Every structure is written in C-alpha cells, then in structure tokens.
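Residue-level structure breakdown
What follows is each chain in one-letter form.
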Amino acid sequence: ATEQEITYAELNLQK
Amino acid sequence: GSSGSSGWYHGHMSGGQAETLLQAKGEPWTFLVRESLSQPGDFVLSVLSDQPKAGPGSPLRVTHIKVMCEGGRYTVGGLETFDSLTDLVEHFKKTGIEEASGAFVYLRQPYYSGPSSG
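Bear in mind the residue numbers are our own, running from 1 along each chain as written, so they may not match the entry, and residues with no coordinates are left out. Chains and ligands are labelled by the order in which they are written, letters from A for the one and numbers from 1 for the other. Based on all heavy atoms of the structure, the side-chain values leave hydrogens and waters out of the count.

In the PDB header, solution NMR is given as the technique by which the entry was determined.

If you want it as structure tokens, here you go:
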C-alpha cells in the first residue's frame, strides 16, 4: 500500500 | 582527519534512500553505486540529473539503472561486461549513459558514502 517502488531506466543498446 | 581509502562505492542502499540522499546533496550529474535489494548479487546505478521533476523548488530526478554482475564483471542492458565497476562507471563518466527514451545520464561527481551521523 502506498509503497515506494522506484522504477529503473531501460537503457538502449545494440540489443 | 579521516584520511584513507575513500570512493563512490557505498555498500548498502535502496532506490528509496538514494533519491533522498542524492537530492539531499543537490549536486547534478551525481552517481552512486549501491547493492541490490531483490536481485541476486546485483547492484543499482543511481544518478542525479541536473533537471528538476517540476521546476524551481523541486528535487532533481534520479535514474536507477539496474547493474548486472557476472561473477566478477558488471554490465547494464548490454552484454558488455566490464572488469569492474571502476571501469564500467569510468567509461560512462566520459562517454555517458543513454536511456531508452533518450535521456543522457552523466556521471562526474562520485557520490561518496559520507559520515552517517545523526
């Protein structure tokens, strides 16, 4: 509840 | 007066604490390495952007880039497994990091652990 789950960035590469 | 082997490596921290710490200092392009929370022997790269979330009076947005560790190496998104965080980070300190969206995270200030007091 009303937790704090920061989101991570999805960097971009050759993939 | 506390002269020894210092660095950016912190040790233990959560994506929730970083955003608070990094912002606390108020230094743009500030990166900090910390240990994962729910990931197997993994780490998290948190960098403070020089861009505010809202405007004049809001904290600087942070960027959490999941850092993968393969035995004794490190990588992010790609396979490029650096010999150590010192190299993986340094390389970005000069070249920088590119976020899917396009955001360019620059690391110039090696967020140091700091004397946890209070």
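There is more to say, and it comes next.
1. A word on helix α2 (residues 85-94) of chain B
Residue and element names in this part refer to chain B. We call a residue buried when its accessible area falls under 20% of the maximum for its residue type, exposed when it is over 50%, and partly exposed in between, using a 1.4 Å probe and counting protein chains only. Put simply, DSSP marks the helices as runs of H or I at least four residues long and the strands as runs of E at least two long, and each gets a number from the N terminus on. Listed as buried for α2 are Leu85, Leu88, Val89 and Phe92. Summarising the axial view, the buried residues of α2 lie within an arc of 90°, below the 170-degree limit, and thus occupy one face. Note on contacts: a residue pair qualifies if any of its non-hydrogen atoms lie within 4.5 Å across the two residues. Where α2 is buried, its residues meet β1 (30-35), β3 (60-67) and β4 (97-98). Think of the arc as the fan of directions from the helix axis to the C-beta atoms.

2. Concerning the packing of aromatic side chains
Working definition: a ring pair exists when centres of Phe, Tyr or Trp rings (six-membered ring for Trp) sit within 6.5 Å. Plane angles under 30 degrees give stacked, over 60 give edge-to-face, the rest tilted. Going through the model one piece at a time under the given rule, you end up with five aromatic pairs over all chains. Measuring from ring centre to ring centre gives 5.9 Å for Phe82 of chain B and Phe92 of chain B, while their planes differ by 65°; the resulting arrangement is edge-to-face. You can see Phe82 of chain B sitting in the loop between β3 and α2 and its partner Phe92 of chain B sitting in helix α2, a full ten residues away along the chain. Looking at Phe92 of chain B, the relative accessible area reads 13%, which means it is buried. Each ring, one from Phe104 of chain B and one from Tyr106 of chain B, has its centre 6.2 Å from the other, and the planes form 25°; the classification is stacked. For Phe104 of chain B, a relative accessible area of 42% gives the class partly exposed. Cluster of aromatic residues (ring-pair linked, three or more members): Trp29, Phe104 and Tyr106 of chain B. Whether a charge sits over a ring depends on NZ of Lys or CZ of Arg being within 6 Å of the ring centre and within 35 degrees of the ring normal. The cationic tip of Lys66 of chain B hangs over the ring face of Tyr8 of chain A; the distance from NZ or CZ to the ring centre is 5.6 Å.

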